[PDB]
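[1] Experimental structure and sequence below.
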Protein chains: 2
Amino acid sequence: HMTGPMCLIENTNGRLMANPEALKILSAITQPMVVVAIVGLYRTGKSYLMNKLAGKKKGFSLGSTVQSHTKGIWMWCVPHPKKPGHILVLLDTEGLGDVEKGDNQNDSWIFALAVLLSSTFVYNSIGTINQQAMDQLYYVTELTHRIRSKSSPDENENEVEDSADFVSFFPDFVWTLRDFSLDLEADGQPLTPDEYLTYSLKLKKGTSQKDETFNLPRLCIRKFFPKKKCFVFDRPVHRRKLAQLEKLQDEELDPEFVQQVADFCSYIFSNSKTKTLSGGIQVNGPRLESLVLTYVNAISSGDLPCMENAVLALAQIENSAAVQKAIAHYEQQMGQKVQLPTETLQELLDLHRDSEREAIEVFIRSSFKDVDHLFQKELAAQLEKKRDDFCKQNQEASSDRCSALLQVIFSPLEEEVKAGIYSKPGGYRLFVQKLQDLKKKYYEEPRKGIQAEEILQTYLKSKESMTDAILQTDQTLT
Amino acid sequence: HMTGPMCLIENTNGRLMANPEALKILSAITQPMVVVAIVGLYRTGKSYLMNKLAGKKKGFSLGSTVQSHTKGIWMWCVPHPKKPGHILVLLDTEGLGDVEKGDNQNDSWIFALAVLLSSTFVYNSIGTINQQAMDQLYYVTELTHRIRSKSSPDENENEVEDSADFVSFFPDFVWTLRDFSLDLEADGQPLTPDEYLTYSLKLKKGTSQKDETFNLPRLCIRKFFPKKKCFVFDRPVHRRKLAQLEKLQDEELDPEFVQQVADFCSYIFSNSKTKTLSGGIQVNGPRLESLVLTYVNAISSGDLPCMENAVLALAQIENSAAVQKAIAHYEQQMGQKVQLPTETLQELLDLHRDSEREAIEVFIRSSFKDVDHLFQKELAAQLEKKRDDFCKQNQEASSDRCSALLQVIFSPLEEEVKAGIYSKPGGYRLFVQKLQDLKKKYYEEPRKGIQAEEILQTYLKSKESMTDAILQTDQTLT
Ligand SMILES: Nc1nc2c(ncn2[C@@H]2O[C@H](COP(=O)(O)OP(=O)(O)O)[C@@H](O)[C@H]2O)c(=O)[nH]1
Ligand SMILES: Nc1nc2c(ncn2[C@@H]2O[C@H](COP(=O)(O)OP(=O)(O)O)[C@@H](O)[C@H]2O)c(=O)[nH]1
Ligand SMILES: [Mg+2]
């Protein structure tokens, strides 16, 4: 069928575009297919391994430098050696964690494309199964949910997971270990690699919070991948004659490594299912063409936002949580330590000043290293907005306080006497002595509120109709 | 001097506690110390290489199973082989990436402790310089800065970095690569180990946004680590006769590994400096035990705001960014769809409910897989608080607007009634219908606000002063 593999999706400066020359060939296949992807760290031998999957010497380019060689996703359509009527599709993948590119965002995109387009997903790692490998694999599986949610109608996304024959939809999982050298023992009893992986995904007793954080990744991985597997391979050669592996035959390699490669290939051939979409329809060439088009567009067409390409970004989100905590801490000392109404504007100035000389250092204690004090000035703006909100709350609370104090000391001594008492010949002469020598003098009771001083002026501007009015001229009549 | 190592900080159930048996022997040593600390991926040979630093076969316990063996931090004190009067203190720390333990919180704490206590830091890795290794190393670098901010007074943290002879404070860096297999080549030109390290730490051209994301880890690494070096080591044994390595002489090992380990040991002995605190003070026994104590209490004294366990959870916290996007869309709709003093309150509530439905459909379109709908209910509470904010905004808006209307349609009337032809009997016979005439003409005037009738009622209860006085005056006129 295909003499050589050709690039399916390109990767130029962080963009992903479906390759029309690969789409043209892909559209020409009508049989249902079996797809076998792969992912793994960069310079790990992924291309060398998928050469054995095709079973042909010479294939995906290997390379032997410290630079990454395989870029983008490369397909290779071959007839299935063990299942008649179906076409085996091998996908090669750009290595994870490249230092020359230094971009985790594109890494996760290629990872997600591999798992989504795969009906048999293969992970690659060196030495041991690792917590970092678990976190990266776990993080991808939910990103796969994000991608499908933007291009799939219903029947398997976030509404119905089990009891829908979904075990044929999600890809079967395989974990490969490279250059395994440790003895397969744990707690005393030896372990088969299947038992090793299951122990790595073994749940933890009960339900604490640190136990839930432990259990959460393993549970999600178990749900995502119905069937799981694990393999181990020794070093292909004893010394480092590792640049001539494209030219070396099987006898020069370690016989155990050849046996393990044959076992892995036999497992894949005899247990890989046919890729199917939601609904059980077997996926063929044109279906794959539309699938890769939709997924590539879903990645590079606006939506699907992921900011994995940093650690400072998530640290700054935690720092935003610290802004929330500092706001709570500031509100605690501004609500419980000090009262609701006020005494003087300078008093509130100093009060907010010391509350800030607490909150800012609380921020810096619970914070992270922020660039150019961007988040620091964001907290400053947030605290300024909160200070303005508290000043409005002060101008409202002190307004109510002054109105109520007038209604409780001034009104009960003015309204009850403004009816008939001030009809006497000279009520104003003693009303001034009443007001300006008792009411204003007692108004100096603490918690006046300097923002409510103008309310006194408004009240006087409202009282001019009984200061001199209501016939303050009865002396002339008498 | 010392026959064997001992634990310095025990790590039990994720808790770090200083070991008094180790603090006691620390307290009895007076000579200055050079401290070499190691970290790396778990089950890699950290303990094996630190055995070669002391140059004694059998030492730090190795462990040859797939389970982690070295737990916590283990200290060893020896006389300095090449610096008379100094003492070499080796710190072997628990490896990162444990699957049985499965907690990135504790691994980061152990990492940070090793960096802080080290006068010479050794990062151990497998295969190649790795972007994940840079991502973790960068994350640690900020972590050590923050930890020092909780136990160091001044002169070195966040205020004065350069031009303070700080090159002695921050530890030198050695990146050791294990089981190196690739040829040393890049862009066609061969590379030395240090050239490889600086090429992986080579910054990129100019100023884009992604390029700053690229440059950010490398800038921090090259800043906080003054002197950098890299070393490569081949496989110690051709076959995997690797479980009896502590019983193995140098003859049966590959001579290249012995040569590289000798060069690395020579570099360490001839270039590692005495540990210097802030200000240049050399470290001794009491100072090192004081450092250990204060850093242990710094870690275990409620100063743990930085976490990276379940990185998908932090990617979920980007639903907060989705919340901000929904809030931006909601506020834009309020600014454009509805005018600021909306019609009464029922229309406000209905349009707000429709806009909240639009906001929630935007939220479900953008976000995904809410954990027990926690972010859903937090967005509901945020929009509830925003409804309260728009409610007081409409309250003030109605206050301003109805005040403006009443003043523009009442002030000539209130001026002409204070000084006019209303003193004569029958003058109020025109006002007694005109006040409700004005009220009804306002009622016909649109765009009231929720507090329209209430505000007019307060105006009435504040404006019987210019009714009753002249009402009584009219009685005298009659
Ligand atoms: N560490 C390791 N390297 C291998 C193994 N098998 C082959 N290699 C070498 O790894 C080198 C790079 O692999 P490469 O094809 O670049 O993988 P890719 O970059 O992920 O596509 C090849 O030159 C192989 O010689 C293995 O099992 N372990
Ligand atoms: N991959 C690798 N393993 C080694 C090397 N040297 C020793 N080992 C083995 O790796 C294990 C050492 O792990 P260890 O030193 O305990 O790391 P730790 O488990 O974190 O303390 C032992 O089995 C050693 O025999 C090496 O150069 N490369
Ligand atoms: Mg490749």
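    Great, that's in hand. Numbers count the residues shown, from 1 in each chain, chains lettered A, B, ... in the order given. Ligands and ions are numbered 1, 2, ... in the order given.
[2] interface residues of chain A facing ligand 2?
    With CB under 6 Å from any ligand atom as the criterion, chain A comes near ligand 2 at residues residue A:181. For the C-beta atoms, the positions are set from N, CA and C on the backbone; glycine is no exception.
[3] Quick check: can you list the domain ranges of chain A?
    Residue ranges for the domains of chain A, per automatic domain parsing: A:6-309, A:331-467.
[4] Could you point out which of those domains sits nearest residue B:219?
    Among the domains of chain A, domain A:331-467 comes nearest to residue B:219, with 10.4 Å by CB to CB.
[5] The closest one spans what distance, first to last residue?
    Terminal residues of domain A:331-467 are spaced 45 Å apart (CA to CA, to the nearest Å).
[6] can you tell if it touches chain B?
    Yes. Using CB under 8 Å from any CB of the partner chain, domain A:331-467 reaches chain B at A:364-369, A:371, A:462-463, A:465-466.
[7] From ligand 2, how far off is the closest residue to ligand 3 within the stretch 251-400 of chain A?
    With CB to the ion, the shortest gap between the stretch 251-400 of chain A and ligand 3 falls at residue A:261, namely 16.8 Å. According to CB to the nearest ligand atom, to the nearest Å, residue A:261 and ligand 2 sit 21 Å apart.
[8] and what of residue A:463?
    Going from residue A:463 to ligand 2 by CB to the nearest ligand atom gives 85 Å.
[9] Tell me which residues touch that residue, please.
    residue B:465 (CB atoms under 8 Å, 6 or more residues apart in numbering or on different chains).
[10] how does it look with 10 Å?
    Counting by CB atoms under 10 Å, 6 or more residues apart in numbering or on different chains, residue A:463 touches A:410, A:414, A:418, A:435, A:469, B:465.
[11] One more: residue A:239?
    With CB under 10 Å, 6+ apart, residue A:239 has these contacts: B:234-235, B:238, B:254.
[12] Out of those residues, which end up buried?
    Buried by 16 or more other CB atoms under 10 Å in any protein chain shown: B:234-235, B:254, out of those.
[13] Dump those residues into a markdown table; add distance to ligand 3 as well.
    Compiled in a markdown table, the buried ones among the contacts of residue A:239 are given as follows (distance: CB to the ion, whole Å):
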| residue | distance to ligand 3 |
| --- | --- |
| B:234 | 24 |
| B:235 | 23 |
| B:254 | 29 |
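[14] out of these, who's nearest residue A:57?
    Taking CB to CB as the measure, residue A:57 lies nearest residue B:235 of those, at 25.6 Å.
[15] What are the phi and psi values at the closest one?
    Main-chain dihedrals, residue B:235, degrees, to the nearest 10: phi -70, psi 130.
[16] What is the neighbour count of the residue of the stretch 251-400 of chain A closest to ligand 3?
    19 (other CB atoms under 10 Å in any protein chain shown).
[17] quick one, what contacts it?
    Residue A:261 makes contact with A:48-49, A:52-53, A:231, A:233, A:236, A:250, A:253, according to CB under 10 Å, 6+ apart.
[18] So which of these reach ligand 1?
    A:48, A:233, A:236.
[19] Just the closest of those to ligand 3, please.
    The nearest member of those to ligand 3, counting by CB to the ion, is residue A:48 at 8.3 Å.
[20] now the closest one, what's its secondary structure?
    Secondary structure assignment for residue A:48 (DSSP: H, G, I helix; E, B strand; the rest coil): helix.
[21] where exactly do the helices run in the stretch 1-150 of chain A?
    A:20-26, A:46-54, A:104-117, A:131-149 (DSSP state H, counting those that start in this stretch).
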